[PDB]
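Residue 1 is where the sequence shown starts when you use PDB author numbering, and the numbers rise one by one after that. Note that CB positions come from ideal geometry on N, CA and C, so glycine has one too. To keep things clear, I will list the structure first and then write my remarks on it.
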Amino acid sequence: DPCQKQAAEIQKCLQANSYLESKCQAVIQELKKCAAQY
């Protein structure tokens, strides 16, 4: 599929970082780049 792994790993990352998106923005960059591909 497009990026469901990235979405799951973004959730996982946020969960592990108390929803501090800033620690998982590198993974959101990956999701954005993924989305731009797919």
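Buried versus exposed call for residue i [16 or more other C-beta atoms within 10 Å across all chains shown]
i, result
"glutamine 6", "buried"
Inter-residue spacing [alpha-carbon to alpha-carbon] between residue i and residue j
i, j, result
"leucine 20", "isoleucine 28", "12 Å"
"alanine 16", "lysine 33", "22 Å"
"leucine 14", "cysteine 3", "16 Å"
"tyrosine 38", "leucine 31", "10 Å"
"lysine 23", "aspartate 1", "25 Å"
"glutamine 11", "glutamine 25", "11 Å"
"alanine 8", "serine 18", "15 Å"
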